[PDB]
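First come two forms of one protein chain, each written alone as structure tokens, so that there is a structure 1 and a structure 2.
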Structure 1
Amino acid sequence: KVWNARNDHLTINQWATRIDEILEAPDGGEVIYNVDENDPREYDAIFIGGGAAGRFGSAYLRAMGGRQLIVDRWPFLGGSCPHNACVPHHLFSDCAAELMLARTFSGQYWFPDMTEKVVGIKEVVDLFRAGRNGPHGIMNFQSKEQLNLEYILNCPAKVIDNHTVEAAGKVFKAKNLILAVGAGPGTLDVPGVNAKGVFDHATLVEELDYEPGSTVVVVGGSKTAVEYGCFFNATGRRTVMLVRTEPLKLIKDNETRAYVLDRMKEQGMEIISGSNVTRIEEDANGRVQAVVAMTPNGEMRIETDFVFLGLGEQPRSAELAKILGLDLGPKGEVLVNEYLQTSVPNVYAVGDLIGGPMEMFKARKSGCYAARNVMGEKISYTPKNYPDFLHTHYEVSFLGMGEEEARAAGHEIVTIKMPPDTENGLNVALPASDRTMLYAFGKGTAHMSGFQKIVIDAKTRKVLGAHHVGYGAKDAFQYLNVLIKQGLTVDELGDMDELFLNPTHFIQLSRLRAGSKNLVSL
């Protein structure tokens, strides 16, 4: 039941294996108990959850000289991201981008005929399962031996009160409490929602014990939905998305959002806007069999032994806002002030638990900023004006105001974009750069070369927003955003040193546009 790992010093590999074993043990495995039982000082903070925010938070506070304790249901630190979130998601996104390639040039060059070819989903999510523990074991080993971090894994945390928490059957006290439990996968209140064939991002990497059929239904219209959507599509499975409202609302710039959509459509993806699932039919055995759903244009039935749920993630606050009596928002997000402080004192919330944006960076900063505050610091954090992205078969990166948006905000904008305005529209070997070259030179695929734009303020010449579809631009937005935040003028942008061919052709195009007396041109 309880394993005092304190003095064992397992190898990363040993960790990886031990993790697998616990993770697969039928009874839930033993409890990893790792606490320095010689230290006299009391816990400056106990992290409820050792994932993105939890882990980071703990490492940062520990580095400040404080004493911390992490508690997690899972036998490893890290959170959703490396077990069923980001990571496995990127894996599928990679395939998505590759398959769309293999399929655009089926037979041609070194590409096999994809016609009639449907890739094995299970097989790939199986690969993921086969290695995802490697990093875990590294996280565990590296946290205990190098960071001296104290934690208790594979054990649910019992927050008794404001200064006490229980785990491993013992009782703990701490000057503070920082909640980092995150959010759980969204769900649908409809009959059949539990039919064997239904899946969500998390349940997919643990329950896919069969290979899906020629058709798949994805419910949702934002990130994860589109991401996993375009991946199933890529596997050569008719994919029908049922969106409650509108897909990819996150892509504020219209043209960009449009280009993306048309690309998905073009891959055979069927996106239904304003569609609510009526119910999910089963078999005599109990597995999914077909999906019935209402759409603005009447009901419709669709046969499929596979359904993936891509609804928003739900902050796991309920039970905690009950024990501590915390304030919650309209989405169940634990309210926190500019210091990650909840209504209750000495208590902090940091993960997805505080709602959007529900990204790693927020999780890591928030969990870090909080630990800093408990150590007496008065740092305030309010995520606003940040870079973003999402996959499909392409990489969609965006930051700032979309075109339309800027006008509504009063600005008199001008816009530089690629490809350019020509009677040939998107059917040009523009824009091009790494991983879009083939699309650019292929026969009738140029319109796939990718799409990008930048919003600039005429008079004040400041960059208001950057939008790019393609590849190799994401990592750039992290840094491009910072500069934009300092006050980047089209002039200052056109003065940088580009690396042609660059995923984003903003630098050169700015230099050129900036030269004109009046920015207007488009």
Structure 2
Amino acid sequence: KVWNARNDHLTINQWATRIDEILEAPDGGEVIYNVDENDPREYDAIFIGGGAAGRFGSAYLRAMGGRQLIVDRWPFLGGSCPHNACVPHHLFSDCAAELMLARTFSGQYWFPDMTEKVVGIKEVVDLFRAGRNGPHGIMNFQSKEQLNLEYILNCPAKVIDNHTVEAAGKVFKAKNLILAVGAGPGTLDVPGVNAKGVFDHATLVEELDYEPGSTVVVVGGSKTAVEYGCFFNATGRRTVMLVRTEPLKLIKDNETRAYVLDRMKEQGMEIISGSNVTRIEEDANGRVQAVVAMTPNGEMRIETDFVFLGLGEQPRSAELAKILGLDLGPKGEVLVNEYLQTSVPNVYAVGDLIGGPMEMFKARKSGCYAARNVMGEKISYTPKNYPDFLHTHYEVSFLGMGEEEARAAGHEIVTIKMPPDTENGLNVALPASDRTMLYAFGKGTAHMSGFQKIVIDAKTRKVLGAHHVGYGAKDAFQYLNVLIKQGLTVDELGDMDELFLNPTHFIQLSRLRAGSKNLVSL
């Protein structure tokens, strides 16, 4: 069943409703056909996948005046982020931060008693499921009515050759193909991995039909594992993380990483490094009852009825690589040159499909650049020197070099941080700003107010790296990184206008030291 929506103009909320209906449809739902029947031009590019990369790539290509076509197996545009990736992740992280606050000040002011309070994980996941069609509605609307895009949703794409694709029972031709099918959840090849009670970011928001027990086991040690792990811990459950190597290796500054790990442990999280799951035990009904793993100190068994796999995402290259004969990398990523061109003529690859970094900025930009190249604008794209972030119970932002990294690299440096290095350590009222004021003023909670630092080259006076743990600096790192790439110095940072009290105190702290020709750490 195909629905020609081309001449239909549903509102954001109407789209939200129609999408929900199609998703919960037993037959699978009708195909959303939004194609221009009067355009004589041949598609400059057909996007296989309409997620972050595909949608943005199409938006830009269309803006340039070219013709595009999106084909996605989901009845909505936007991809994984709004359905099971970044959006739910941020809802969960919001809860983790709010819950850490409530537990810290339990039984104080307007804060209820959290002593034996266990928050429902399913209730929050259900909250997400109940409102995720909202964002999906905005995407279908914005893409059609505002971005003037053509698309076919709720129907998998069928790639015949580098110029032909079958969709909605029809066959389409294009000058180029832009592969943007993203990546899928990583898994384990251990007994019990298919048991009821084992989840990943994708299945968690589709198959959680019970409320997890008191203990949760998380497998992995990077972003996803830590973000979801802190949320589970925040709901009041004993959370054990089994990390194959070492956790949070993305945090290069040693002190910053230590602060983050220390605060996670203070919240009760257990992180076991060098551990490898060997078996997920099933009970008589096929449900998880425990996790067995090998560690540096021997085998261990953790009783649990809920296991979350937070492993790296894997590029969905298999099918396309076989159909087109694409050259692949060691992790299955599709190989491409600086112009996003694969080994197959007129075939580009973007987003998570081409590997790391697997972030939205990389997906959207690669999608746009591939589009520009398809339109004749030869432009290279090699992601490098970008800001990054992750959530624990705090927002953790970082860019550039860590302190030890800079000194080992041959850079004479000075650092400016908060709190200062003294015998009182973290037990002081700074750093402090929006969302950390209660920690800064509470009895025995000052050490929880945050940690931040900038690394500066003592000779060039340029900022080499910035690190922040707390809240409200993430957005700033987007803009600060650009200034740093321009050659930002401690003097220029000190000359800015701060908005006190600020999440990052970099501006004024730089000003305190910038008056000297021979910089000194603070």
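Throughout, rigid core stands for the largest set of C-alpha atoms superposing within 1.5 Å between the two forms. All residue numbers here follow the sequence of structure 1, with the first residue given the number 1.
Among the candidates 385, 382, 297, 146, displacement between structures 1 and 2 reaches 2 angstroms at the C-alpha for one position only, 146 (superposition on the rigid core). Shown in the overlay between structures 1 and 2, fitted on the rigid core, is a CA shift at residue 13 of 2 Å or greater.
With both forms fitted on their core, the C-alpha atom of residue 24 sits 1.5 Å from where it sits in the other form; this compares the forms between structures 1 and 2.
Aligning the rigid core between structures 1 and 2 leaves the CA of residue 408 offset by 2.0 Å. For residue 224, the CA shift between structures 1 and 2 after superposing the rigid core equals 0.7 Å.
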